[PDB]
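We've got the same protein chain twice here, in two forms, each standing alone as C-alpha coordinates: structure 1 and structure 2.
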Structure 1
(Lines of atoms letter the chains of each structure in order from A and count residues from 1; the text may use other names and numbers.)
(Lines give C-alpha, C1' and ligand atoms only; values in the text may rest on other atoms or scores of the structure.)
Protein backbone atom coordinates (compact mmCIF):
# COMPACT_ATOMS: atom_id res chain seq x y z
CA UNK A 1 0.00 0.00 0.00
CA UNK A 2 2.23 2.82 1.24
CA UNK A 3 5.28 0.60 0.74
CA UNK A 4 4.05 0.11 -2.83
CA UNK A 5 3.59 3.87 -3.14
CA UNK A 6 7.09 4.49 -1.84
CA UNK A 7 8.59 1.89 -4.18
CA UNK A 8 6.79 3.55 -7.08
CA UNK A 9 8.23 6.96 -6.25
CA UNK A 10 11.76 5.50 -6.19
CA UNK A 11 11.65 2.92 -8.99
CA UNK A 12 9.90 1.99 -12.23
CA UNK A 13 9.11 -1.28 -14.02
CA UNK A 14 10.65 -2.31 -17.36
CA UNK A 15 8.25 -1.12 -20.11
CA UNK A 16 7.07 -3.25 -23.04
CA UNK A 17 9.16 -1.25 -25.56
CA UNK A 18 12.63 0.33 -25.11
CA UNK A 19 13.21 4.10 -25.30
CA UNK A 20 14.41 5.28 -28.70
CA UNK A 21 18.12 6.03 -28.47
CA UNK A 22 19.59 8.84 -30.59
CA UNK A 23 16.53 8.70 -32.84
CA UNK A 24 17.24 5.08 -33.87
CA UNK A 25 13.70 3.88 -34.65
CA UNK A 26 13.49 0.11 -34.41
CA UNK A 27 12.37 -1.91 -37.44
CA UNK A 28 12.25 -5.64 -38.10
CA UNK A 29 15.02 -5.37 -40.70
CA UNK A 30 17.35 -3.37 -38.44
CA UNK A 31 16.81 -5.61 -35.42
CA UNK A 32 17.32 -8.78 -37.52
CA UNK A 33 20.55 -7.42 -38.98
CA UNK A 34 21.71 -6.29 -35.55
CA UNK A 35 21.07 -9.80 -34.18
CA UNK A 36 23.12 -11.40 -36.97
CA UNK A 37 25.93 -9.03 -36.03
CA UNK A 38 25.63 -9.59 -32.32
CA UNK A 39 26.40 -13.29 -33.00
CA UNK A 40 28.87 -12.69 -35.84
CA UNK A 41 32.39 -13.93 -34.87
CA UNK A 42 34.06 -12.79 -38.08
CA UNK A 43 34.12 -9.14 -37.00
CA UNK A 44 36.96 -10.10 -34.62
CA UNK A 45 40.42 -10.45 -36.17
CA UNK A 46 40.69 -14.02 -34.86
CA UNK A 47 37.15 -14.87 -36.03
CA UNK A 48 36.64 -16.61 -32.71
CA UNK A 49 34.88 -13.81 -30.80
CA UNK A 50 31.42 -12.22 -31.09
CA UNK A 51 29.35 -9.99 -28.77
CA UNK A 52 27.61 -13.10 -27.45
CA UNK A 53 30.98 -14.47 -26.39
CA UNK A 54 31.18 -11.83 -23.65
CA UNK A 55 27.49 -10.96 -23.30
CA UNK A 56 25.91 -14.42 -23.45
CA UNK A 57 22.20 -13.86 -23.90
CA UNK A 58 21.52 -17.32 -22.50
CA UNK A 59 23.58 -16.81 -19.36
CA UNK A 60 22.86 -13.39 -17.89
CA UNK A 61 24.03 -11.33 -20.86
CA UNK A 62 27.56 -11.01 -19.49
CA UNK A 63 30.88 -12.87 -19.06
CA UNK A 64 31.84 -15.18 -16.23
CA UNK A 65 35.56 -14.41 -16.41
CA UNK A 66 37.15 -10.94 -16.27
CA UNK A 67 38.74 -10.01 -19.60
CA UNK A 68 41.33 -7.57 -20.96
CA UNK A 69 39.96 -7.45 -24.48
CA UNK A 70 36.92 -6.07 -26.27
CA UNK A 71 36.01 -2.48 -27.18
CA UNK A 72 39.62 -1.67 -28.04
CA UNK A 73 40.52 -1.94 -24.35
CA UNK A 74 44.22 -1.46 -23.61
CA UNK A 75 44.48 -1.98 -19.85
CA UNK A 76 44.01 -4.70 -17.25
CA UNK A 77 41.15 -7.22 -17.02
CA UNK A 78 37.71 -6.05 -15.93
CA UNK A 79 34.29 -7.61 -15.36
CA UNK A 80 31.73 -7.36 -18.14
CA UNK A 81 28.31 -5.76 -17.47
CA UNK A 82 25.13 -7.37 -18.77
CA UNK A 83 23.59 -6.17 -22.03
CA UNK A 84 20.14 -6.82 -20.51
CA UNK A 85 18.30 -3.50 -20.02
CA UNK A 86 21.53 -1.60 -20.68
CA UNK A 87 19.52 0.69 -22.94
CA UNK A 88 17.93 2.24 -19.82
CA UNK A 89 21.26 3.25 -18.23
CA UNK A 90 22.37 6.87 -18.81
CA UNK A 91 25.84 6.10 -17.43
CA UNK A 92 28.02 3.32 -18.84
CA UNK A 93 30.18 0.72 -17.10
CA UNK A 94 33.25 2.58 -15.90
CA UNK A 95 36.46 1.31 -14.42
CA UNK A 96 38.86 4.23 -14.61
CA UNK A 97 39.68 7.91 -14.17
CA UNK A 98 36.91 10.37 -13.45
CA UNK A 99 38.91 12.83 -15.56
CA UNK A 100 38.45 10.68 -18.68
CA UNK A 101 34.65 10.61 -18.50
CA UNK A 102 34.14 13.93 -20.30
CA UNK A 103 35.75 12.88 -23.55
CA UNK A 104 35.63 9.09 -23.48
CA UNK A 105 32.31 8.15 -21.87
CA UNK A 106 29.09 7.56 -23.78
CA UNK A 107 25.78 5.77 -23.46
CA UNK A 108 25.87 1.94 -22.93
CA UNK A 109 24.28 1.20 -26.29
CA UNK A 110 26.90 3.38 -27.97
CA UNK A 111 29.80 2.12 -25.82
CA UNK A 112 28.69 -1.30 -27.00
CA UNK A 113 29.75 -0.60 -30.58
CA UNK A 114 33.25 0.60 -29.76
CA UNK A 115 35.35 -2.06 -31.52
CA UNK A 116 38.92 -3.39 -31.44
CA UNK A 117 38.88 -4.30 -35.16
CA UNK A 118 39.31 -1.44 -37.63
CA UNK A 119 36.30 -0.07 -39.52
CA UNK A 120 37.96 -0.97 -42.82
CA UNK A 121 38.40 -4.64 -41.96
CA UNK A 122 34.84 -4.85 -40.57
CA UNK A 123 33.23 -3.25 -43.62
CA UNK A 124 35.33 -5.35 -46.01
CA UNK A 125 34.29 -8.49 -44.13
CA UNK A 126 30.60 -7.63 -44.31
CA UNK A 127 30.80 -6.60 -47.98
CA UNK A 128 32.45 -9.90 -48.87
CA UNK A 129 29.10 -11.64 -48.31
CA UNK A 130 26.11 -11.03 -50.64
CA UNK A 131 23.61 -11.90 -47.90
CA UNK A 132 24.98 -9.18 -45.60
CA UNK A 133 24.67 -6.64 -48.42
CA UNK A 134 21.02 -7.58 -48.85
CA UNK A 135 20.38 -7.32 -45.10
CA UNK A 136 21.94 -3.86 -45.01
CA UNK A 137 19.79 -2.88 -48.00
CA UNK A 138 16.68 -4.16 -46.19
CA UNK A 139 17.63 -2.29 -43.02
CA UNK A 140 18.63 0.99 -44.70
CA UNK A 141 16.17 1.54 -47.57
CA UNK A 142 17.09 4.46 -49.82
CA UNK A 143 20.86 4.33 -49.24
CA UNK A 144 23.12 3.51 -52.21
CA UNK A 145 26.09 2.28 -50.16
CA UNK A 146 24.28 0.85 -47.07
CA UNK A 147 27.18 -1.25 -45.75
CA UNK A 148 29.12 1.22 -43.63
CA UNK A 149 30.62 1.09 -40.16
CA UNK A 150 28.09 3.64 -38.93
CA UNK A 151 25.13 1.64 -40.27
CA UNK A 152 26.52 -1.56 -38.77
CA UNK A 153 26.67 0.29 -35.45
CA UNK A 154 23.09 1.54 -35.84
CA UNK A 155 21.81 -2.00 -36.56
CA UNK A 156 23.66 -3.47 -33.56
CA UNK A 157 22.32 -0.64 -31.37
CA UNK A 158 18.78 -1.40 -32.55
CA UNK A 159 19.20 -5.04 -31.48
CA UNK A 160 20.75 -3.96 -28.14
CA UNK A 161 17.65 -1.88 -27.42
CA UNK A 162 15.47 -5.01 -27.69
CA UNK A 163 17.45 -6.84 -24.97
CA UNK A 164 15.14 -5.91 -22.11
CA UNK A 165 13.57 -8.14 -19.46
CA UNK A 166 10.00 -7.24 -18.49
CA UNK A 167 7.67 -8.95 -15.99
CA UNK A 168 9.92 -9.52 -12.99
CA UNK A 169 7.92 -10.21 -9.77
CA UNK A 170 9.01 -6.76 -8.50
CA UNK A 171 7.65 -5.09 -11.63
CA UNK A 172 4.30 -6.85 -11.14
CA UNK A 173 4.33 -5.61 -7.56
CA UNK A 174 5.07 -2.05 -8.69
CA UNK A 175 2.17 -2.35 -11.10
CA UNK A 176 -0.25 -3.31 -8.33
CA UNK A 177 0.03 -7.05 -7.62
CA UNK A 178 0.57 -6.81 -3.89
CA UNK A 179 0.99 -10.59 -3.76
CA UNK A 180 3.88 -10.63 -6.27
CA UNK A 181 6.28 -10.36 -3.31
CA UNK A 182 6.09 -12.38 -0.09
CA UNK A 183 6.57 -10.77 3.33
CA UNK A 184 10.27 -11.65 3.40
CA UNK A 185 10.91 -9.87 0.10
CA UNK A 186 8.80 -6.89 1.13
CA UNK A 187 10.93 -6.47 4.26
CA UNK A 188 13.95 -6.45 1.97
CA UNK A 189 12.37 -3.74 -0.18
CA UNK A 190 11.55 -1.62 2.88
CA UNK A 191 15.14 -1.99 4.12
CA UNK A 192 16.62 -1.23 0.69
CA UNK A 193 14.80 2.10 0.80
CA UNK A 194 15.27 2.73 4.56
CA UNK A 195 19.02 2.05 4.67
CA UNK A 196 19.72 4.50 1.84
CA UNK A 197 20.70 2.11 -1.00
CA UNK A 198 18.43 4.21 -3.21
CA UNK A 199 20.86 7.15 -2.94
CA UNK A 200 22.75 5.40 -5.73
CA UNK A 201 20.59 2.44 -6.87
CA UNK A 202 17.17 3.68 -8.01
CA UNK A 203 15.05 4.31 -11.09
CA UNK A 204 14.16 1.70 -13.71
CA UNK A 205 17.33 -0.40 -13.23
CA UNK A 206 18.04 0.25 -9.54
CA UNK A 207 21.38 1.81 -10.46
CA UNK A 208 23.26 2.56 -13.70
CA UNK A 209 22.60 6.32 -13.73
CA UNK A 210 25.63 7.88 -11.94
CA UNK A 211 29.33 7.44 -11.21
CA UNK A 212 30.82 7.41 -7.69
CA UNK A 213 34.31 7.34 -6.15
CA UNK A 214 33.47 4.12 -4.26
CA UNK A 215 34.57 0.69 -5.47
CA UNK A 216 35.20 -2.88 -4.33
CA UNK A 217 38.52 -3.46 -2.63
CA UNK A 218 40.21 -6.69 -1.59
CA UNK A 219 41.15 -6.07 2.04
CA UNK A 220 31.81 -9.35 4.78
CA UNK A 221 34.62 -11.69 3.75
CA UNK A 222 37.92 -10.29 2.52
CA UNK A 223 36.22 -7.46 0.66
CA UNK A 224 34.82 -3.99 1.21
CA UNK A 225 33.63 -0.93 -0.68
CA UNK A 226 35.74 2.16 -0.02
CA UNK A 227 36.33 5.61 -1.44
CA UNK A 228 39.11 5.86 -4.04
CA UNK A 229 42.22 7.92 -3.24
CA UNK A 230 41.50 11.57 -4.06
CA UNK A 231 38.34 10.36 -5.81
CA UNK A 232 40.62 9.87 -8.82
CA UNK A 233 38.81 6.72 -9.96
CA UNK A 234 35.04 6.28 -10.20
CA UNK A 235 32.62 3.45 -10.90
CA UNK A 236 29.06 3.41 -12.19
CA UNK A 237 26.64 2.46 -9.41
CA UNK A 238 25.60 -0.99 -10.70
CA UNK A 239 22.11 -1.44 -12.10
CA UNK A 240 20.89 -4.29 -9.84
CA UNK A 241 18.14 -5.58 -12.12
CA UNK A 242 18.61 -9.31 -12.89
CA UNK A 243 21.47 -9.45 -10.37
CA UNK A 244 20.55 -13.09 -9.74
CA UNK A 245 21.77 -13.90 -13.27
CA UNK A 246 24.82 -11.65 -13.45
CA UNK A 247 27.49 -13.08 -11.14
CA UNK A 248 30.41 -12.53 -10.67
CA UNK A 249 30.07 -9.01 -9.22
CA UNK A 250 31.65 -5.52 -9.17
CA UNK A 251 34.09 -3.93 -11.61
CA UNK A 252 36.59 -6.70 -10.91
CA UNK A 253 34.16 -9.61 -10.77
CA UNK A 254 35.84 -10.80 -7.56
CA UNK A 255 32.62 -11.56 -5.70
CA UNK A 256 30.37 -14.54 -6.53
CA UNK A 257 28.12 -14.40 -3.50
CA UNK A 258 25.10 -12.09 -3.72
CA UNK A 259 24.95 -11.99 0.08
CA UNK A 260 28.54 -10.77 0.27
CA UNK A 261 27.87 -8.20 -2.47
CA UNK A 262 25.02 -6.80 -0.40
CA UNK A 263 27.07 -6.88 2.82
CA UNK A 264 30.10 -4.93 1.60
CA UNK A 265 27.75 -2.14 0.47
CA UNK A 266 26.42 -1.65 4.01
CA UNK A 267 28.81 0.83 5.61
CA UNK A 268 28.85 3.65 8.14
CA UNK A 269 30.52 6.05 5.74
CA UNK A 270 27.78 5.50 3.17
CA UNK A 271 25.16 5.53 5.91
CA UNK A 272 23.96 2.09 4.77
CA UNK A 273 24.97 -0.01 7.82
CA UNK A 274 23.13 -3.38 8.00
CA UNK A 275 22.97 -6.31 10.42
CA UNK A 276 23.13 -9.91 9.16
CA UNK A 277 19.36 -10.39 9.14
CA UNK A 278 18.87 -7.25 7.04
CA UNK A 279 21.49 -8.40 4.55
CA UNK A 280 19.48 -11.61 4.06
CA UNK A 281 16.27 -9.62 3.67
CA UNK A 282 17.77 -7.39 0.97
CA UNK A 283 19.13 -10.47 -0.81
CA UNK A 284 15.58 -11.89 -0.90
CA UNK A 285 14.32 -8.62 -2.39
CA UNK A 286 17.06 -8.42 -5.06
CA UNK A 287 16.12 -11.91 -6.27
CA UNK A 288 12.72 -10.49 -7.25
CA UNK A 289 14.37 -8.28 -9.90
CA UNK A 290 14.84 -11.14 -12.40
CA UNK A 291 12.75 -10.49 -15.50
CA UNK A 292 11.85 -12.49 -18.61
CA UNK A 293 14.92 -13.12 -20.75
CA UNK A 294 13.98 -12.28 -24.35
CA UNK A 295 13.48 -15.22 -26.70
CA UNK A 296 16.22 -15.43 -29.30
CA UNK A 297 16.21 -17.35 -32.57
CA UNK A 298 19.89 -18.13 -33.23
CA UNK A 299 20.76 -16.38 -36.50
CA UNK A 300 21.94 -18.37 -39.52
CA UNK A 301 24.93 -16.43 -40.83
CA UNK A 302 26.18 -16.48 -44.44
CA UNK A 303 29.27 -18.43 -45.50
CA UNK A 304 32.62 -16.76 -46.00
CA UNK A 305 33.79 -16.16 -49.59
CA UNK A 306 37.13 -15.65 -51.30
CA UNK A 307 36.92 -11.95 -50.38
CA UNK A 308 36.19 -12.56 -46.71
CA UNK A 309 39.34 -11.70 -44.74
CA UNK A 310 40.90 -14.85 -43.23
CA UNK A 311 41.07 -15.52 -39.46
CA UNK A 312 44.23 -13.90 -38.05
Structure 2
Protein backbone atom coordinates (compact mmCIF):
# COMPACT_ATOMS: atom_id res chain seq x y z
CA UNK A 1 0.00 0.00 0.00
CA UNK A 2 1.49 3.30 -1.14
CA UNK A 3 -1.23 5.32 0.64
CA UNK A 4 -0.19 3.67 3.89
CA UNK A 5 3.53 4.35 3.58
CA UNK A 6 2.74 7.91 2.54
CA UNK A 7 0.64 8.31 5.71
CA UNK A 8 3.46 6.86 7.78
CA UNK A 9 5.91 9.41 6.40
CA UNK A 10 3.57 12.26 7.34
CA UNK A 11 2.07 10.98 10.59
CA UNK A 12 2.69 8.83 13.64
CA UNK A 13 0.19 6.88 15.77
CA UNK A 14 -0.41 7.79 19.43
CA UNK A 15 1.83 5.59 21.66
CA UNK A 16 -0.02 2.73 23.36
CA UNK A 17 1.35 3.71 26.80
CA UNK A 18 1.73 7.09 28.55
CA UNK A 19 5.06 8.72 27.57
CA UNK A 20 7.94 10.13 29.61
CA UNK A 21 7.93 13.78 28.45
CA UNK A 22 10.99 15.92 29.25
CA UNK A 23 12.24 13.39 31.74
CA UNK A 24 8.99 13.55 33.72
CA UNK A 25 8.82 10.02 35.17
CA UNK A 26 5.41 8.46 35.60
CA UNK A 27 5.52 7.14 39.17
CA UNK A 28 2.23 6.23 40.79
CA UNK A 29 2.61 8.79 43.58
CA UNK A 30 3.19 11.59 41.08
CA UNK A 31 0.41 10.59 38.66
CA UNK A 32 -2.10 10.26 41.53
CA UNK A 33 -1.14 13.66 42.91
CA UNK A 34 -1.42 15.11 39.41
CA UNK A 35 -4.90 13.65 39.02
CA UNK A 36 -6.04 15.21 42.29
CA UNK A 37 -4.55 18.50 41.18
CA UNK A 38 -6.28 18.38 37.85
CA UNK A 39 -9.70 18.15 39.55
CA UNK A 40 -8.83 20.39 42.49
CA UNK A 41 -11.03 23.53 42.22
CA UNK A 42 -9.29 25.06 45.23
CA UNK A 43 -6.37 25.92 42.95
CA UNK A 44 -8.69 28.78 41.85
CA UNK A 45 -9.30 31.63 44.31
CA UNK A 46 -13.05 31.07 44.03
CA UNK A 47 -12.59 27.36 44.82
CA UNK A 48 -14.81 26.50 41.88
CA UNK A 49 -12.60 26.22 38.82
CA UNK A 50 -10.25 23.26 38.19
CA UNK A 51 -8.36 22.15 35.07
CA UNK A 52 -11.35 19.89 34.45
CA UNK A 53 -13.69 22.82 34.24
CA UNK A 54 -12.10 23.98 31.00
CA UNK A 55 -10.58 20.69 29.84
CA UNK A 56 -13.53 18.41 30.74
CA UNK A 57 -12.53 14.74 30.48
CA UNK A 58 -16.15 13.81 29.88
CA UNK A 59 -16.47 16.33 27.02
CA UNK A 60 -13.43 15.60 24.90
CA UNK A 61 -10.84 17.20 27.14
CA UNK A 62 -12.15 20.69 26.51
CA UNK A 63 -15.26 22.70 27.52
CA UNK A 64 -17.29 22.84 24.30
CA UNK A 65 -17.71 26.64 24.63
CA UNK A 66 -16.73 29.14 21.88
CA UNK A 67 -14.25 30.55 24.39
CA UNK A 68 -13.47 29.70 28.02
CA UNK A 69 -14.48 31.81 30.96
CA UNK A 70 -11.95 34.62 31.43
CA UNK A 71 -11.73 37.07 34.35
CA UNK A 72 -14.77 37.22 36.66
CA UNK A 73 -17.04 34.87 34.74
CA UNK A 74 -16.95 36.89 31.55
CA UNK A 75 -16.12 35.60 28.08
CA UNK A 76 -12.42 34.80 27.58
CA UNK A 77 -10.60 35.44 24.30
CA UNK A 78 -9.81 31.86 23.34
CA UNK A 79 -11.29 28.44 22.72
CA UNK A 80 -9.88 25.96 25.23
CA UNK A 81 -8.02 23.20 23.30
CA UNK A 82 -8.27 19.57 24.39
CA UNK A 83 -5.82 18.32 26.97
CA UNK A 84 -5.96 14.85 25.28
CA UNK A 85 -2.58 14.12 23.67
CA UNK A 86 -1.49 17.72 24.41
CA UNK A 87 1.88 16.58 25.78
CA UNK A 88 2.95 15.90 22.17
CA UNK A 89 2.43 19.48 20.96
CA UNK A 90 5.59 21.60 20.63
CA UNK A 91 3.40 24.67 19.99
CA UNK A 92 1.16 25.09 23.03
CA UNK A 93 -0.73 28.34 22.54
CA UNK A 94 -3.14 29.52 19.88
CA UNK A 95 -1.19 32.78 19.24
CA UNK A 96 2.53 33.13 18.57
CA UNK A 97 3.72 35.41 21.38
CA UNK A 98 7.59 32.00 28.91
CA UNK A 99 4.81 30.31 30.92
CA UNK A 100 3.41 26.88 30.13
CA UNK A 101 -0.29 25.86 29.89
CA UNK A 102 -0.40 24.59 33.49
CA UNK A 103 0.96 27.78 34.94
CA UNK A 104 -1.15 29.94 32.61
CA UNK A 105 -4.21 27.90 33.60
CA UNK A 106 -3.75 28.31 37.32
CA UNK A 107 -2.82 31.99 37.14
CA UNK A 108 -6.03 32.64 35.22
CA UNK A 109 -7.81 32.54 38.60
CA UNK A 110 -5.18 32.65 41.34
CA UNK A 111 -1.57 33.27 42.33
CA UNK A 112 1.37 30.91 42.95
CA UNK A 113 1.69 31.96 46.56
CA UNK A 114 -1.97 31.39 47.26
CA UNK A 115 -1.92 27.98 45.50
CA UNK A 116 1.08 26.85 47.55
CA UNK A 117 -0.43 28.13 50.76
CA UNK A 118 -3.60 26.23 49.90
CA UNK A 119 -1.78 22.94 49.26
CA UNK A 120 0.35 23.21 52.42
CA UNK A 121 -2.75 23.74 54.54
CA UNK A 122 -3.90 20.18 53.86
CA UNK A 123 -1.87 17.33 55.47
CA UNK A 124 -2.74 14.84 52.75
CA UNK A 125 -1.28 17.09 50.05
CA UNK A 126 1.97 17.49 51.97
CA UNK A 127 2.27 13.71 52.26
CA UNK A 128 1.60 13.22 48.57
CA UNK A 129 4.12 15.84 47.55
CA UNK A 130 6.65 14.20 49.86
CA UNK A 131 5.99 10.83 48.28
CA UNK A 132 5.96 12.17 44.73
CA UNK A 133 9.15 14.24 45.18
CA UNK A 134 11.26 12.10 47.57
CA UNK A 135 14.25 13.66 49.30
CA UNK A 136 13.29 17.33 48.89
CA UNK A 137 12.92 19.45 52.01
CA UNK A 138 10.27 21.77 50.52
CA UNK A 139 8.41 19.44 48.06
CA UNK A 140 5.21 21.53 47.86
CA UNK A 141 6.21 24.20 45.35
CA UNK A 142 4.44 25.67 42.38
CA UNK A 143 6.91 23.98 40.05
CA UNK A 144 6.42 20.53 41.53
CA UNK A 145 2.65 21.07 41.34
CA UNK A 146 3.06 21.64 37.62
CA UNK A 147 5.36 18.61 37.23
CA UNK A 148 2.71 16.37 38.89
CA UNK A 149 -0.12 17.75 36.79
CA UNK A 150 2.04 17.24 33.69
CA UNK A 151 2.71 13.66 34.68
CA UNK A 152 -1.07 13.13 34.90
CA UNK A 153 -1.57 14.82 31.49
CA UNK A 154 0.87 12.31 30.01
CA UNK A 155 -1.72 9.61 30.85
CA UNK A 156 -4.47 11.56 29.15
CA UNK A 157 -3.66 10.20 25.70
CA UNK A 158 -6.15 8.54 23.34
CA UNK A 159 -4.54 5.57 21.59
CA UNK A 160 -6.08 3.12 19.12
CA UNK A 161 -8.06 5.36 16.81
CA UNK A 162 -8.98 3.54 13.54
CA UNK A 163 -6.40 5.73 11.79
CA UNK A 164 -3.66 4.57 14.20
CA UNK A 165 -4.56 0.94 13.53
CA UNK A 166 -4.24 1.80 9.82
CA UNK A 167 -0.83 3.41 10.34
CA UNK A 168 0.24 0.34 12.26
CA UNK A 169 -0.73 -1.97 9.41
CA UNK A 170 -4.42 -2.75 9.31
CA UNK A 171 -5.16 -1.79 5.75
CA UNK A 172 -8.81 -2.37 6.63
CA UNK A 173 -8.98 0.07 9.54
CA UNK A 174 -10.18 2.77 7.11
CA UNK A 175 -13.04 2.36 4.69
CA UNK A 176 -13.11 3.46 1.03
CA UNK A 177 -14.64 6.85 1.75
CA UNK A 178 -12.07 7.50 4.50
CA UNK A 179 -9.12 6.60 2.30
CA UNK A 180 -10.26 9.25 -0.17
CA UNK A 181 -10.44 11.90 2.56
CA UNK A 182 -6.98 10.80 3.62
CA UNK A 183 -5.59 10.99 0.04
CA UNK A 184 -7.18 14.43 -0.28
CA UNK A 185 -5.67 15.48 3.04
CA UNK A 186 -2.21 14.60 1.81
CA UNK A 187 -2.74 15.89 -1.75
CA UNK A 188 -4.34 19.23 -1.18
CA UNK A 189 -1.71 20.63 1.17
CA UNK A 190 -3.22 20.06 4.65
CA UNK A 191 -0.07 18.19 5.71
CA UNK A 192 2.02 21.27 5.11
CA UNK A 193 0.71 22.51 8.49
CA UNK A 194 -1.20 19.60 10.12
CA UNK A 195 1.08 16.56 10.41
CA UNK A 196 3.09 14.48 12.90
CA UNK A 197 1.68 12.57 15.88
CA UNK A 198 -1.31 14.92 16.31
CA UNK A 199 -1.79 16.10 12.71
CA UNK A 200 -0.91 19.55 13.98
CA UNK A 201 0.09 21.21 17.20
CA UNK A 202 3.70 21.72 16.13
CA UNK A 203 3.90 25.06 14.27
CA UNK A 204 2.48 28.55 13.92
CA UNK A 205 1.43 29.97 10.56
CA UNK A 206 0.29 33.42 9.38
CA UNK A 207 -3.32 32.37 8.90
CA UNK A 208 -6.32 32.90 11.11
CA UNK A 209 -10.09 32.74 11.03
CA UNK A 210 -11.79 36.07 10.43
CA UNK A 211 -15.40 37.18 9.92
CA UNK A 212 -15.90 37.22 6.11
CA UNK A 213 -23.41 29.36 6.95
CA UNK A 214 -20.42 31.08 5.31
CA UNK A 215 -19.67 33.98 7.66
CA UNK A 216 -16.00 33.15 8.20
CA UNK A 217 -12.81 32.37 6.36
CA UNK A 218 -9.20 31.65 7.16
CA UNK A 219 -7.05 34.40 5.71
CA UNK A 220 -3.36 35.26 5.64
CA UNK A 221 -2.45 37.87 8.26
CA UNK A 222 -0.96 41.30 7.38
CA UNK A 223 2.71 40.88 6.40
CA UNK A 224 2.54 37.40 7.96
CA UNK A 225 3.35 38.98 11.27
CA UNK A 226 0.76 37.46 13.58
CA UNK A 227 0.63 33.69 13.66
CA UNK A 228 -1.79 31.04 14.85
CA UNK A 229 -0.97 27.43 15.80
CA UNK A 230 -2.16 25.00 13.16
CA UNK A 231 -4.40 22.97 15.50
CA UNK A 232 -3.75 19.30 16.29
CA UNK A 233 -6.62 17.60 14.40
CA UNK A 234 -6.60 14.40 16.40
CA UNK A 235 -10.04 13.92 18.08
CA UNK A 236 -11.32 16.91 16.13
CA UNK A 237 -14.70 15.24 15.95
CA UNK A 238 -14.94 15.68 19.71
CA UNK A 239 -13.52 19.17 20.19
CA UNK A 240 -16.10 21.50 18.64
CA UNK A 241 -16.53 24.45 18.29
CA UNK A 242 -13.61 25.26 16.03
CA UNK A 243 -10.78 27.75 15.46
CA UNK A 244 -9.12 30.02 18.01
CA UNK A 245 -12.40 31.77 18.67
CA UNK A 246 -14.67 28.71 18.62
CA UNK A 247 -16.83 30.56 16.07
CA UNK A 248 -17.55 27.53 13.87
CA UNK A 249 -19.62 24.59 15.17
CA UNK A 250 -19.71 22.43 12.10
CA UNK A 251 -16.73 20.23 11.39
CA UNK A 252 -17.89 20.33 7.76
CA UNK A 253 -17.84 24.15 7.72
CA UNK A 254 -14.44 24.05 9.45
CA UNK A 255 -12.90 21.95 6.71
CA UNK A 256 -14.61 24.12 4.07
CA UNK A 257 -13.04 27.36 5.30
CA UNK A 258 -9.55 25.78 5.15
CA UNK A 259 -9.88 24.28 1.70
CA UNK A 260 -9.86 27.16 -0.77
CA UNK A 261 -8.10 27.85 -4.08
CA UNK A 262 -6.82 30.95 -2.31
CA UNK A 263 -4.74 28.77 0.07
CA UNK A 264 -3.39 26.17 -2.35
CA UNK A 265 -5.92 23.77 -0.83
CA UNK A 266 -9.02 23.78 -3.09
CA UNK A 267 -11.93 21.46 -2.22
CA UNK A 268 -15.41 20.97 -3.67
CA UNK A 269 -18.37 19.87 -1.51
CA UNK A 270 -17.82 16.14 -1.87
CA UNK A 271 -14.14 16.51 -1.16
CA UNK A 272 -14.99 18.30 2.08
CA UNK A 273 -17.22 15.41 3.18
CA UNK A 274 -14.41 12.93 2.37
CA UNK A 275 -11.98 14.81 4.57
CA UNK A 276 -14.54 15.00 7.35
CA UNK A 277 -14.94 11.20 7.06
CA UNK A 278 -11.19 10.87 7.35
CA UNK A 279 -10.99 13.30 10.30
CA UNK A 280 -13.57 11.23 12.26
CA UNK A 281 -11.18 8.26 12.07
CA UNK A 282 -8.84 10.28 14.28
CA UNK A 283 -10.95 9.76 17.46
CA UNK A 284 -9.06 7.47 19.87
CA UNK A 285 -9.96 5.73 23.13
CA UNK A 286 -10.94 8.17 25.85
CA UNK A 287 -8.79 7.41 28.87
CA UNK A 288 -10.67 5.96 31.85
CA UNK A 289 -10.96 8.38 34.75
CA UNK A 290 -11.61 7.53 38.35
CA UNK A 291 -12.67 10.70 40.11
CA UNK A 292 -10.20 11.54 42.88
CA UNK A 293 -11.14 12.14 46.50
CA UNK A 294 -9.79 15.50 47.60
CA UNK A 295 -8.85 16.28 51.22
CA UNK A 296 -11.01 18.64 53.31
CA UNK A 297 -9.98 22.22 54.04
CA UNK A 298 -8.46 23.04 57.40
CA UNK A 299 -8.34 26.21 59.51
CA UNK A 300 -5.23 27.36 57.60
CA UNK A 301 -6.75 26.96 54.15
CA UNK A 302 -7.21 30.32 52.42
CA UNK A 303 -10.95 31.02 52.27
CA UNK A 304 -12.80 31.09 48.95
CA UNK A 305 -13.15 34.49 47.30
CA UNK A 306 -16.46 35.40 45.62
CA UNK A 307 -16.23 35.57 41.83
CA UNK A 308 -18.59 38.53 41.60
CA UNK A 309 -17.59 40.30 44.90
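Numbering follows the first chain given and starts at 1. Think of the rigid core as the biggest set of C-alphas that the two forms share within 1.5 Å after superposition.
Once the two forms are fitted on their rigid core, between the two structures the CA displacement reaches 2 Å or more only for 232 among 177, 183, 194, 232. For residue 21, a C-alpha deviation of 2 angstroms or more is recorded between the two structures after rigid-core alignment.
Residue 113: CA moves 2 Å or more between the two structures after rigid-core fitting. Core-superposed comparison between the two structures: CA of residue 67 displaced by 2 Å or more.
Look at residue 128: with the core superposed, its C-alpha moves 0.6 Å between the two structures. In the rigid-core superposition between the two structures, residue position residue 268 carries a C-alpha shift of 2.1 Å.
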